[PDB]
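Below: one structure, written as C-alpha cells.
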Amino acid sequence: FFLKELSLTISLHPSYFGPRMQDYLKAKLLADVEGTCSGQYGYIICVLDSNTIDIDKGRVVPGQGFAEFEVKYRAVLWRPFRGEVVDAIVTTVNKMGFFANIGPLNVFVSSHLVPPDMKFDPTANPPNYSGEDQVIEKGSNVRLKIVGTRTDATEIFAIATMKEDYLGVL
Amino acid sequence: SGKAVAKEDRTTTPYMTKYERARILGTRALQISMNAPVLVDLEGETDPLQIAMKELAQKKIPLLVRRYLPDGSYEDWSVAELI
Amino acid sequence: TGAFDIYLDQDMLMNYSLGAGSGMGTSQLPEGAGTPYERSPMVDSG
Amino acid sequence: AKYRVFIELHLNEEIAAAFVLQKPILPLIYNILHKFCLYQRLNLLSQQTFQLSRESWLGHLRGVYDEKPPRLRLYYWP
Amino acid sequence: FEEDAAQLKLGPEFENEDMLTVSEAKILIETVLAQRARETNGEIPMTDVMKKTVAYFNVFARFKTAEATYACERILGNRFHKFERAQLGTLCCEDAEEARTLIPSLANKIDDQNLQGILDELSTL
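Residue numbers (the authors' numbering), protein chains in the order written: chain g, 3 to 172; chain f, 60 to 142; chain a, 1444 to 1462, 1469 to 1495; chain N, 234 to 311; chain d, 6 to 130.
Here it is as C-alpha cells:
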C-alpha cells in the first residue's frame, strides 16, 4: 500500500458553475478515481480529500463550453510487484490451485506451485489441501511470494508460489 | 515553457482589446446558451449573447484572459479589471 | 482573436456579494457545522 | 439543575483558561453574561413569534429561528 | 522492460514513494471516512473494493487501536527502505534468519541482535 500524489482532470459543465464549484470539482473527483485501477499505479483505494486537495486552472474550452480543472490529490493505492510477500485470504480450494484474495486484488496459487506435501482432498467435508497436519481450507490466510504479475485492462493479475521457506499456512 | 507573471507586476495594457471583447462575449454566449448561471438580473432577454452583453456592460462576468508573452510567460486579467 | 486563452475568475463567484450549521431535520445523520470534536492531518503526518 | 451544571462549568473552566493567559479577564466574563441571557431573550421572543404563528391568530406571520447566527424573520402577510 | 522482483527494484516513482502501513493505512482510511460523513445524507456506496479492504484490513489489524500505531511508529524510526519497513510491520515474527529469507534485500543492511529486540517489543505490543 502506498500514499501517493496523483493527477486527474475534471471537465466541468456550465450548468454547474454556481458559487460552490470547488465542492462540485471535489465531488466529481472522488467519483471518477476512487475504485479505479491502473497497471501504472494500481488500485486507487481512496483519495485523501481535505487539505491534500489542490485545485488549479482552469481554461475553458473554445468549441465545447466546458472548462478543464486540473487536480492534484493524495490517494491510498494498492500496487503489487513480483517478489513481494503478502498475507492473503483463501476464498476457494479446487484441484486446480488456491484462489486466495488480498484486499481487492485476486491472487491465484497454481497447484503446481504448491508443495508436494499438500495433497488435494475432495472427499473431506469441505474440499481442502492438507498434508501434513496443516490444513488449508476456505478459511486460512496463506503467505505467498508473487512470482509474476500482469495488467490486462487497467486490471492487474499475477501468480504466486509457495516454494520458498516460511511460506504457506499462517 | 511557461513562467507565469506577478499579479502585482503586470506589464500589458490595462484596457480590453478589440479582439478580446469579441472573444469573451463569444465565450459567455456559448456558456449561457448552455444553460449556465447568469450573473446579472435577467432584463428579460432571449439571446444568449445580447444577454452576455448586458453582463459585459456591468463588468459582472466571470472568465479571465491569459495573455501569453513571447517569452512564454503570461498574465491573467479579470473582466472587472479591464477597460 | 485566437492569440489568447481564457479561464474563469472563480474568485468573483466565491466572495461574490452575500449572503447554517445543523443536521437533524430529517437526515438521520448528524453534523453541527463542523466542530463536534474531531481533527485530521496530524494523524496523517504521523 | 442542569443549567447550573453545564453552563457554570465551562464558564468557570474557560475563566481559568483566561487565567492561563495574559489578563483580559473579567470583562470577557461580563460579556458572556449578557450574551447568553440575551440570546435566551432572542428565543423567548422567537417563541412568542410562534405563540402567534403556530396558533392564533392566523398564519403567514412568522419568526422562525434560523440555524445561522441568530436571526428572527418577521415576514408578514403577502 | 522492468518486471523483476528484487532486491529493491522496479518503477522509480513507486520506489521513491513510501509504502503505507496496514494498521496505519486502515486508521487513515477510517479518519477519511469520518471527515466525509461530516454532513452526509446516508448511504455512500462502498463499491466492491471497499468491502474487500474492510475485511482484509480488519483481518490484519496488527494494531486494533489509535495508539497502537503511534507505539509502532515510536518503535521504528530508521527508514532503510520504505518497502522493507512496511513489509516488516505487515508480517511480524520473528527471528533474524527468517528476516533475510523474507527480505533478501536486507543482506548486509542491518545486524541481528537489534532485530530480535524489536520482535520482542512487537509481540508484547
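C-beta: ideal position from N, C-alpha, C; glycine also.
- For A42(d) and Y131(g), the gap between their C-alpha atoms comes out near 44 Å.
- If you draw a straight line from the Cα of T125(g) to the Cα of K165(g), it comes to about 26 Å.
- Check the Cα spacing between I32(d) and each of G1474(a), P1490(a), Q1477(a): the tightest is with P1490(a).
- In the structure shown, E126(d) falls within a helical segment according to DSSP collapsed to helix, strand and coil.
- The continuous beta strand (DSSP E) containing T153(g) extends over residues 144-153.
- Here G99(g) carries a strand assignment [DSSP, helix/strand/coil].
- In the structure shown, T71(f) falls within a coil segment according to DSSP collapsed to helix, strand and coil.
- DSSP places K74(g) in the strand class (E or B) of the three-state scheme.
- A Cβ of chain a is located within less than 9 Å of the beta carbon of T86(f).
- Nearest Cα to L8(g) within the set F122(g), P129(g), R76(g), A155(g): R76(g).
- When rounded, the separation of the alpha-carbon atoms in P302(N) and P21(g) is 21 Å.
- Around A1482(a), the same chain offers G1470 as residues with beta carbons nearer than 6 Å, after the five sequence neighbours per side are excluded.
- Comparing alpha-carbon positions, the option among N103(g), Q24(g), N53(g) lying closest to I161(g) turns out to be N103(g).
- Between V95(g) and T163(g), the C-beta spacing is not below 9 Å.
- Take the alpha-carbon of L146(g) and the one of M120(g): they are about 15 Å apart.
- Taking a C-beta distance under 9 Å as the contact criterion, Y1459(a) and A69(g) do not qualify as a contact pair.
- In the structure shown, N130(g) falls within a strand segment according to DSSP collapsed to helix, strand and coil.
- Measuring C-alpha to C-alpha distances from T54(g) to each of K28(g), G60(g), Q66(g) identifies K28(g) as the nearest.
- Between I240(N) and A251(N), the CB-CB gap reaches or exceeds 9 Å.
- For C77(d), the uninterrupted alpha helix (DSSP H) segment begins and ends at 71-80.
- Inter-residue distance for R306(N) and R295(N) is about 7 Å (C-alpha atoms, whole angstroms).
- Going by C-alpha positions, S28(d) is about 10 Å away from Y61(d).
- Contact annotation for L50(g) against chain d: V37 [CB-CB distance below 7 Å, chain order].
- With a threshold of 9 Å between beta carbons, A95(f) makes contact with chain g.
- Minimum Cα-Cα distance from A1446(a) among the listed residues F71(g), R81(g), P64(g) corresponds to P64(g).
- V37(d) carries a helical assignment under DSSP once its states are collapsed to helix, strand and coil.
- Chain a has a Cβ within less than 9 Å of the Cβ of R82(f).
- Interface flag for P1490(a) against chain g is set, since a Cβ pair is found closer than 9 Å.
- Distance from the CA of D123(g) to the CA of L169(g), rounded to the nearest whole angstrom, comes to 21 Å.
- The secondary-structure analysis by DSSP pairs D1448(a) across a beta bridge with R125(f).
- According to the DSSP assignment, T11(g) belongs to no alpha helix (DSSP H) but to the beta strand (DSSP E) extending over 4-13.
- With contacts defined as CB atoms closer than 9 Å, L130(d) and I80(d) qualify as a contacting pair.
- Setting aside the 5 residues that flank it on each side, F159(g) is surrounded in the same chain by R152, each with a C-beta closer than 6 Å to its C-beta; the list follows chain order.
- Among the CB atoms of chain a, none fall inside 9 Å of the CB of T58(d).
- In this structure, the CA atom of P1485(a) is about 20 Å from the CA atom of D1493(a).
- A check of alpha carbon separations from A66(d) across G122(d), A112(d), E35(d), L124(d) identifies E35(d) as the nearest.
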